[PDB]
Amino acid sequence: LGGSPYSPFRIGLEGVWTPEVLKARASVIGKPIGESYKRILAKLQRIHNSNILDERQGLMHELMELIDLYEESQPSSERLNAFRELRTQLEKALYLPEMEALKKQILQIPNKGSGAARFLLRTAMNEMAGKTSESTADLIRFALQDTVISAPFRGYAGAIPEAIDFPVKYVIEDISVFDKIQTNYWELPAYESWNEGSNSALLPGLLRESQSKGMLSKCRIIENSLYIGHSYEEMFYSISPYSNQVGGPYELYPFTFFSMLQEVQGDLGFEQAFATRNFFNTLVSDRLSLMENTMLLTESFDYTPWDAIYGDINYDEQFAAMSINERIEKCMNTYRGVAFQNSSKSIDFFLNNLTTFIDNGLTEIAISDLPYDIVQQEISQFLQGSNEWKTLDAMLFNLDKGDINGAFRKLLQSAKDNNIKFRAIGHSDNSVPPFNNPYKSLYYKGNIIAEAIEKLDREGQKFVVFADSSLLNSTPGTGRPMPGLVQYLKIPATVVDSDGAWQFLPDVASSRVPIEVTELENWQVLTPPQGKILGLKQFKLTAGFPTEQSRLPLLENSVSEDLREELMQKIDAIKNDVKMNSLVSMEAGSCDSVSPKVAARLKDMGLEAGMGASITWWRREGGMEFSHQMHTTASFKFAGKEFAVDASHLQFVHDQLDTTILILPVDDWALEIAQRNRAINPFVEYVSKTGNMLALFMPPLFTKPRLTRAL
């Protein structure tokens, strides 16, 4: 997690100067505290006043950026030697010595205070703690290629006027920038009617004309600055994806607006160049949240139930006779759903036999080429028939490259006229091409599949889905396949060729692959590969020392009923076996020769040999020193669960009354040993260890409690 105060992730401050100490250290004769220094001191103050660990580390990443920016832009400052030490302090407080490679990967990302580094450390610590599945490395790969996350922020860092009554995403601080682009829109037919001599003089007219049409309503110019409430992807898909050209009916004006923005943007990222810091930061952390959600979704997905229906190698030729009407009805009645490639033909196909479709079942048509987060409301408004869907209209046009008819518009229309529920399942964020990168692809796909799994879905509804070929079947994913929308919905993927035949789309085993990764510089696997950290704290007894009565209920418990009776007899034979009691020891580290003798004597009494177990831990010594202690036990096996026979436990502090040979399940044994020994950061491997392998057995080095080195 973690806290505290033996945890390596306590994010302590003992090694980070206080503002008071900075002022003495950053002192330069003659020169007063300037604005840059002030913001740094303020931020440091918040760091020392931060009690929630996740916020503190986030803030420390924020301070690092401030120091970066100061270094970058005020490089001859005498305040620098001090600020550099401060940065190293902040680094040493978040990243442990054995976190070196993880650090380089994370702090490589521009904008340490954007929230990426915050999110990624949290992920890394949770992973190292074994408190989560492997994710950090891949999330870092996502971060590094994302067009927002990895972009040095060059957007808008100033204020938003109160007069603005919409949440702002992008700002062009100075309208004059529009007058420095290649194209001269103030010269194109037909802006001739307008009597203007620059692109910035066009701007006010462009907005007025658009907003009288119901478009660009969230754009506003105040005092030489432009404020945009429309999402980059909302503008792209509704203004030119492409296009329209001409004209007509969704006009030249918004297309001129958006083209001008794209010219101003130039070689930069749209958000990189235009975004408010606030919006940039929110985007960064949303993308990481959502990506992680998509990864968790892929984890341990079972292809059995889908393969048991549509997997059969022969299904390709079984699709089909068979007989269109005997199919379709097989999709409605039995499969409850079927997916179509997002092609005019598939729409035109599905439109044709719509009579048979609705005649049993059909309740819902869902497409992915409309973003639900932007037009969901407008679609219901279309269903109501209220023409207040200027945006939805724009996008349908662009989708159909120009309609008449159809095909997407006609599909939506036929949902209205035939009383079938229509729902968008696309998500606009990061939906803009190119899709040259598989993580950019995974993100997009995951969010669509999130909405499909969620707001489909009944349980009372028989559905048809129209989606891109890349979304339907498995794609490359994070260390494992990303299963297509079809697999998640337990339905078949289908296509329609140029001739007009409609058949199943095979999900080839070549699609079911991990992404070709390239190991990150020096990467250390974060979770320790065998065994687990029992907890990043110092373990203590809850009450008194464990007695025979205390442990009595704790074994069963377990999962099964008696059985219990068959256990106690085994236990009592072990406790009362004379040879078993002659091998019991009370010496420190006697377990080394006791366990093998235990395991041997277990075998003779016909008991089934267990893996055994070992627990190792840190114990405070002098100064800030810590030693490692360890203990091992022979064990015996039972229905699914493993039971420990520890004839050497008495070497540790004990109740004077409890038995000589300690018998519990492995996990309970581990906990009890740590507790009696007041173990600090215990590590458990479910295998007995002897001699050599037992000696050098210690917790993972990072779990070793530390200060920093300069207090």
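The first residue of the sequence shown is number 1, and the count goes up from there.
Chemist: Looking at the deposited entry, does 243 to 251 or 372 to 380 carry the larger mean Cα B-factor?
Modeler: Higher of the two, by average CA B-factor, is 243 to 251.
Chemist: Comparing 270 to 278 with 297 to 305, which stretch shows the greater average C-alpha B-factor in the deposited entry?
Modeler: Between 270 to 278 and 297 to 305, it is 297 to 305.
Chemist: So if I compare the CA B-factors in the entry for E621, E329, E162, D286, which one is the largest?
Modeler: So the option with the highest C-alpha B-factor is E329.
Chemist: Would you mind checking which of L226, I149, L567, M630 has the top Cα temperature factor in the PDB entry?
Modeler: In this record, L567 carries the highest C-alpha B-factor of the candidates.
Chemist: Please place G691 in the lowest, middle or highest third of its chain by C-alpha B factor as given in the entry.
Modeler: It falls in the middle third of the chain.
Chemist: Quick one: classify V16 as lowest, middle or highest third of the chain based on its Cα B-factor.
Modeler: As the PDB entry reports it, the C-alpha B-factor of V16 lands in the middle third of its chain.
Chemist: Give the position of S428 by CA B-factor within its chain, expressed as the lowest, middle or highest third.
Modeler: Tercile = lowest for this residue's CA B-factor.
Chemist: Within this chain, which third does the Cα B-factor at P481 fall in: lowest, middle or highest?
Modeler: According to the entry, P481 has a C-alpha B-factor in the chain's highest third.
Chemist: C-alpha B factor of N111, ranked within the chain: lowest, middle or highest third?
Modeler: Its C-alpha B-factor belongs to the lowest third of this chain's values.
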